Amino acid sequence: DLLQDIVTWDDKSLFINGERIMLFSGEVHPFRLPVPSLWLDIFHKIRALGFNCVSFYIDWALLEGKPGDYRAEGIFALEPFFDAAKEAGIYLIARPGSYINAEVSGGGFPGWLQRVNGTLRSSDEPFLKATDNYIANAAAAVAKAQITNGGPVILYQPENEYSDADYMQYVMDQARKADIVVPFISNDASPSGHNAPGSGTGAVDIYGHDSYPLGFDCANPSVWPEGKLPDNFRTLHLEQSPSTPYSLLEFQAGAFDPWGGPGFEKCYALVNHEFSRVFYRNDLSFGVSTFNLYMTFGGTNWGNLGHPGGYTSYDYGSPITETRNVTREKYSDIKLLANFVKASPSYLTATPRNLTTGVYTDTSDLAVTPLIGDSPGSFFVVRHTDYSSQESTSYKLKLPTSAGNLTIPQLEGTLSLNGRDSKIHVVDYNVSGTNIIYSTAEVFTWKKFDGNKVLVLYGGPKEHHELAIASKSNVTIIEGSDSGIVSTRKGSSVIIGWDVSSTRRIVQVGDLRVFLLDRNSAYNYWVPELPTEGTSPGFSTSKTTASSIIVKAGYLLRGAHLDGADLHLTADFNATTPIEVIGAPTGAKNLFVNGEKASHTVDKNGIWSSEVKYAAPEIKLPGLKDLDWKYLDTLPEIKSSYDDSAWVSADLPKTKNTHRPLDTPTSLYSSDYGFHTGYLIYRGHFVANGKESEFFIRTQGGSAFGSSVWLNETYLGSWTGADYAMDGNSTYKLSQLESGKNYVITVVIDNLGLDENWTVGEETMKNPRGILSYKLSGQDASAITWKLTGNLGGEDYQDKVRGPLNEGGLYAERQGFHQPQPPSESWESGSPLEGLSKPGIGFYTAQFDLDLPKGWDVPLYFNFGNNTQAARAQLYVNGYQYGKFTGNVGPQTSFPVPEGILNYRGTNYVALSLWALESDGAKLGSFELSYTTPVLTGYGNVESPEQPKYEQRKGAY
Ligand SMILES: *[C@@H]1O[C@H](CO)[C@@H](O[C@@H]2O[C@H](CO)[C@@H](O[C@@H]3O[C@H](CO[C@H]4O[C@H](CO[C@H]5O[C@H](CO)[C@@H](O)[C@H](O)[C@@H]5O)[C@@H](O)[C@H](O[C@H]5O[C@H](CO)[C@@H](O)[C@H](O)[C@@H]5O)[C@@H]4O)[C@@H](O)[C@H](O[C@H]4O[C@H](CO[C@H]5O[C@H](CO)[C@@H](O)[C@H](O)[C@@H]5O)[C@@H](O)[C@H](O)[C@@H]4O[C@H]4O[C@H](CO)[C@@H](O)[C@H](O)[C@@H]4O[C@H]4O[C@H](CO)[C@@H](O)[C@H](O)[C@@H]4O)[C@@H]3O)[C@H](O)[C@H]2NC(C)=O)[C@H](O)[C@H]1NC(C)=O
Ligand SMILES: CC(=O)N[C@H]1[C@H](O[C@H]2[C@H](O)[C@H](O)[C@H](O[C@H]3[C@H](O)[C@@H](CO)O[C@@H](O[C@H]4[C@H](O)[C@H](O)[C@H](O[C@H]5[C@H](O)[C@@H](CO)O[C@@H](O[C@H]6[C@H](O)[C@H](O)[C@H](O[C@H]7[C@H](O)[C@@H](CO)O[C@@H](O[C@H]8[C@H](O)[C@H](O)[C@H](O[C@H]9[C@H](O)[C@H](O)[C@H](O)O[C@@H]9CO)O[C@@H]8CO)[C@@H]7NC(C)=O)O[C@@H]6CO)[C@@H]5NC(C)=O)O[C@@H]4COP(=O)(O)O)[C@@H]3NC(C)=O)O[C@@H]2CO)O[C@H](CO)[C@@H](O)[C@@H]1O
Ligand SMILES: *[C@@H]1O[C@H](CO)[C@@H](O[C@@H]2O[C@H](CO)[C@@H](O[C@@H]3O[C@H](CO[C@H]4O[C@H](CO)[C@@H](O)[C@H](O[C@H]5O[C@H](CO)[C@@H](O)[C@H](O)[C@@H]5O)[C@@H]4O)[C@@H](O)[C@H](O[C@H]4O[C@H](CO)[C@@H](O)[C@H](O)[C@@H]4O[C@H]4O[C@H](CO)[C@@H](O)[C@H](O)[C@@H]4O)[C@@H]3O)[C@H](O)[C@H]2NC(C)=O)[C@H](O)[C@H]1NC(C)=O
Ligand SMILES: *[C@@H]1O[C@H](CO)[C@@H](O[C@@H]2O[C@H](CO)[C@@H](O[C@@H]3O[C@H](CO)[C@@H](O)[C@H](O[C@H]4O[C@H](CO)[C@@H](O)[C@H](O)[C@@H]4O[C@H]4O[C@H](CO)[C@@H](O)[C@H](O)[C@@H]4O)[C@@H]3O)[C@H](O)[C@H]2NC(C)=O)[C@H](O)[C@H]1NC(C)=O
Ligand SMILES: *[C@@H]1O[C@H](CO)[C@@H](O[C@@H]2O[C@H](CO)[C@@H](O)[C@H](O)[C@H]2NC(C)=O)[C@H](O)[C@H]1NC(C)=O
Ligand SMILES: *[C@@H]1O[C@H](CO)[C@@H](O[C@@H]2O[C@H](CO)[C@@H](O)[C@H](O)[C@H]2NC(C)=O)[C@H](O)[C@H]1NC(C)=O
Ligand SMILES: *[C@@H]1O[C@H](CO)[C@@H](O)[C@H](O)[C@H]1NC(C)=O
Ligand SMILES: OC[C@H]1O[C@@H](O)[C@H](O)[C@@H](O)[C@H]1O
């Protein structure tokens, strides 16, 4: 099943053009950042981690909202994404579904799948047909960008965590029919060998699996439960698919968070820099060669794209935050590790062995997994045997090296593993022809700078280390004091011992310079490739790795290029930053930073030295309470003057849903009528008979939904909402009705997205939204005839620019008043801070200017006070819905919105719906716009995507 000659493989790793590669990869979802001109930003930050690969989903639900009309342009265009990857020199793994899970509405499935007469994710002909147009279009786009045409796409994942075997095979043939030629890779939810090579029909080319050892309950970030760290993955691999290279297609890099959850902060505090350093070195101990972190950039579930088991934010506690910042320590810690892999090709050939206790150390409190292959060059991964230990452990190593079984340290001192940490010790490590016999401190990187070799080593604080070099030369200390450093010669080797310190030492041994850093100073180093024509580094290759330089900076280094005699750095800064360039080429004479000539200095050792001053600019943000807010009633349906005669009639005698038969005379399932997204409104018309006393109603909006009911203009009550309840049972009492008169029951229902469909055969995505059942006491159910609406036009959705999910069924949304320049001068003055005095729903509108300085990346947030009322709000920024706030469920109160969506030197239109589900009415406790550290950026101009303004819609009601 090999079908091209560019990407091949053996049992050890992939090859790209006959050369081994370790794919260190990050998950990014373009649809979760609707600003195409910011995608390159994400790639820069991932390449700067030392990654060479990105993994991404395509969301069917946003691309074919209307059946038969595939649409992937503007903010949903796939091409600028592929271009950005190419520009940053990042390979892509494409995971198009058609089912993607991803914590998005429907797990990727459009709402109209609720009308399809076949089992989802099965070889049922109607379901296969339903996916045909989507895959023929999406996979075609992926095909043009394959590496066989010089694009970045090197692999393709069919489906997602699957389990007929027939179904899998079909999805593969379906992609092959669209010219996908690259190898197929799988993502088994657990390591069970599902669909591995040899499993019959549906077998992929390369077996891959997932793992999230700590799960997703972020409630107790400091606690790592016993026995959760996997230790058998390399054994399982050899049993399940030894012919293909070991592959982790999703490994934990954060966690998702449900409505009513602890928040992504605690999620980060659980999956922090200790998690990464311990767990990721653990994955290297299995000899993983394709290794993707889910998520490495989370983004935002803007425009209702998310599923009910999650809220607006998808920060995920990821290495790169929702606001795209790289402050988290996990980021800097991942960078140390990825740079070691990038610099260490012998890692791929160093065959993994069973883990050991008490063999390579005296203690059994440590576990050691050796990586030893057919040729010299080995690695020993060390961690506490109980991975959760906070203990600080002292130990000595007995390692087998080319100079014999050595006991280390050979000179003074002891090694330390302090708490939740892990080390990769190297033996017979080749630095360009110089053999490092061993080194206990970890490798960051090494380069040959044509004549002189540089090796960068680091350890954590208060640690002692040693290394040995096969060398005849003497040992000189060319920077720092010899305080704490001892050396001696033993035959044809040179042994060096040292204490970790916050001040760098550099030691020279012949033509080899060894940098000795502490972990926290190594955090500030970068290893960018140095292209000599153009500013793009190109894809990752051993030749491009070989001609990289070492740079000490601060917040971020995007890249570097050599323009004749000018050395260019492209960087971001969040503080005054000392810069150092190590390994500048001999022709280089001048330093440029972000296109500006910068003064520099050369020391006795030929290291370049410069500085960039940081001075926070003044940031003027309007106070939101001071704005000229306009109020509009966006539930005019609960006034007796409203005419619903244009509404669709809910009069289907049979549902097309195969998963939940009706309990009502007609279908009140919203997807039967093409409404899948946003708030839903139902209207039940009946003639009274004077015998009515109670009205019972079961509503369903997905977990954490609310609903409110009126009889004519009289409020009956609300299902207030909770995190566990996907549905709600409500009984309301009725004082006597006027026999013979018309009455209308109005029901408003929050829809928080459609379910995923994780278990094949269970059909949970077909869980309907709307009214499940009802009983009007003293009346026959068929006496009530219903109208309903969701978003105007249903599947004939109005906003092509913002996609089929962005706007819901509120009156203001049906008219398009959430868009720029609403017709609001005629509206009443009213702030959401004053709010409503009775149940109902208000719509609030205002505009403000921003005038933020060019050259600065500044995260902006909408902040909501929490007064704990049962109130629901939707935020819109220039037409884009960027927040669902619910005061009695939580936890989100701060809502970031990216530049592009916000206009930083122009006008912005904010809109806000406020729904009161309590009889006293409701208000916002506070509503402030805030910011966090302004970053001096070397990124270019951020272009806004289309922000279509308000315009009168044909047939709005
Ligand atoms: C502004 O501030 C205000 C005030 O501070 C904030 O409001 C508060 O928000 C929180 C969070 O939303 C609210 O707490 C939640 O309330 C839920 C609902 O409570 C009611 O419903 C259930 C009924 O279900 C049972 O019974 C029915 C029939 O009656 C059955 O059909 C059903 O199946 C069940 O058997 C009742 O259990 C509950 O009863 C209590 O109250 C009554 C009356 O007081 C008593 O008589 C009862 O005896 C009992 O005391 C009540 O009727 C509730 O479901 C939910 O519970 C979950 O979380 C609890 C602990 O949460 C704390 O710690 C969390 C971290 O763990 C924090 O995130 C959280 O904020 C809080 O501090 C657990 O005890 C409970 O077992 C549930 O755990 C699940 O969720 C946790 C959090 O995600 C997870 O850690 C757990 O692992 C677990 O997760 C699993 O299940 C969930 C679904 O539940 C899945 O999502 C998940 O993936 C996984 O499968 C919680 O208690 C609180 O009510 C509210 N306070 C007020 C005053 O309104 C507001 O949020 C804030 N706003 C903003 C914008 O920030
Ligand atoms: C040399 C130097 O200086 N070096 C220095 C260096 O600089 C760097 C720097 O950092 C840069 O980042 C740079 O990176 C570059 C990179 O080099 C290049 C690689 O070549 O790529 C760069 O970015 C490019 C992007 O990749 C794209 O290619 C982009 O292309 C876009 C074009 O630019 C743009 C021009 O306008 O057009 C876009 O396409 C849009 C169209 O414009 C169009 O109008 C579309 O509008 C649509 C609308 O989207 C949809 C919404 O769905 O609706 C459509 O109409 C609908 C409508 O809704 C109807 O209802 C209808 O419905 C009908 C239906 O049709 C049917 O008939 C039925 O019967 O009835 C229905 C009724 O319901 O449907 C219609 C359907 O049409 C609209 N259509 C219409 C007609 O109205 O939207 C399109 C969006 O898709 C292009 N995009 C695409 C995808 O095509 O160009 C980018 C380049 O921009 P730039 O030149 O300005 O920069 C990349 N740049 C970036 C930002 O990454 O690298 C350089 C290296 O030089 O920096 C160094 C380091 O510091 C420094 O040192 C160095 O010196
Ligand atoms: C400009 O950008 C730069 C990045 O380029 C930003 O710099 C980063 O800023 C973040 C904070 O936003 C730093 O992360 C934090 O650092 C705290 C610890 O200090 C670290 O450095 C000191 C030396 O100065 C070391 O001694 C520490 O190492 C030791 O401790 C750690 C953690 O305990 C151990 O794992 C090590 O083994 C060492 O023993 C650190 O390296 C740190 O406290 C903080 O971490 C806490 O909070 C996170 C979650 O928020 C938890 O995951 C973690 O467990 C910590 O929580 C501890 O304390 C809490 C109380 O809150 C307890 O409840 C817990 O049990 C636990 O004990 C966090 O990691 C980051 O290092 C830094 N990066 C760099 C490269 O400088 C700037 O912020 C930015 N500037 C501006 C203006 O924006
Ligand atoms: C990198 O990205 C991450 C993730 O995107 C960023 O982390 C988020 O940062 C935001 C903003 O700081 C943060 O939201 C705040 O959390 C604080 C702690 O819980 C809150 O104190 C704070 O709310 C108060 O302050 C706001 C102004 O700062 C007010 O507008 C708001 O009303 C709140 O009011 C406070 O003060 C008043 C009176 O003073 C009082 O009445 C209140 O009770 C309260 O004391 C914000 O909500 C998020 O928690 C973070 N989100 C996540 C997922 O992490 C990070 O900032 C970025 N780093 C950089 C450097 O940019
Ligand atoms: C309850 O509300 C409805 C409107 O939703 C009222 O319906 C009106 O009733 C009169 C008399 O039958 C009709 O001529 C109007 O055409 C109706 N309006 C609409 C838009 O249908 C009804 O009267 C209200 N009932 C009570 C008892 O107040
Ligand atoms: C609303 O009421 C229905 C029952 O009318 C509840 O659904 C039942 O739940 C039990 C146990 O969870 C199941 O075994 C039954 O099969 C269900 N009955 C039916 C007819 O669906 C539902 O849990 C209630 N909703 C809430 C939020 O309490
Ligand atoms: C081999 O590794 C397993 C975990 O996979 C471990 O429990 C066992 O003790 C190891 N065997 C040896 C060589 O000690
Ligand atoms: O964030 C949790 C993740 O779980 C994975 O197993 C799944 O493959 C992803 O689609 C996502 O749901």
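One is the number of the first residue; the rest follow in order along the sequence. Values below: every heavy atom of this structure, side chains too, minus hydrogens, waters and symmetry copies.
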| When you look at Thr323 and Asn325, which way does the side-chain hydrogen bond (donor to acceptor under 3.5 Å, both in side chains) test go after all the steps? | CA-CA 6 Å; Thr323 49; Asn325 73 64; 3.0 Å; yes
| field | Inter- and intrachain pairs under salt bridge (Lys or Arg N to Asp or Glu O under 4.0 Å), touching residues 261-274, at least two apart | value | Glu265-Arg328, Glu274-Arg277
| said: What's the separation between atom CG in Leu912 and atom CG in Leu624, rounded to the nearest 0.5 Å? | reply: 9.5 Å
| field | Flag for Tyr311-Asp257: side-chain donor and acceptor within less than 3.5 Å | value | yes
| Do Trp224 and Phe279 have their ring centres less than 6.0 Å from each other? | yes
| query | Do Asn292 and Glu27 have side-chain atoms, one donor and one acceptor, less than 3.5 Å apart? | reply | yes
| field | CZ on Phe885 to CZ on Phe895, rounded to 0.5 Å | value | 7.5 Å
| message | Could you measure the distance from the OH atom of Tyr316 to the CG atom of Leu293? Nearest 0.5 Å is fine. | response | 11.0 Å
| query | Do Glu250 side-chain atoms and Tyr294 backbone N/O form a donor-acceptor pair below 3.5 Å? | reply | no
| message | If only side-chain N and O atoms count, and only distance matters, is there a donor-acceptor pair under 3.5 Å linking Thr932 with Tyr861? | response | yes
| request: Tell me yes or no: between the side chains of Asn903 and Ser944, is some donor less than 3.5 Å from an acceptor? | output: yes
| field | For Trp259 against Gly310, the heavy-atom pair lying closest together | value | NE1-O, 3.0 Å
| Nearest atoms (heavy-atom pairs only) where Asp799 meets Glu807 | CB-OE1, 3.9 Å
| message | Quick check: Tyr280 with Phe291 (ring centres under 6.0 Å apart)? | response | yes
| message | Does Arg802 qualify as a cation-pi partner of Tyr880, given the criterion of NZ or CZ under 6.0 Å from the six-membered ring centre and within 45 degrees of its axis? | response | yes
| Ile619 versus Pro934, closest heavy-atom pair with distance | CG1-CG, 4.1 Å
| request: Considering only NZ, NE, NH1 and NH2 on the basic side and carboxylate oxygens on the acidic side, decide whether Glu529 and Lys342 come within less than 4.0 Å. | output: yes
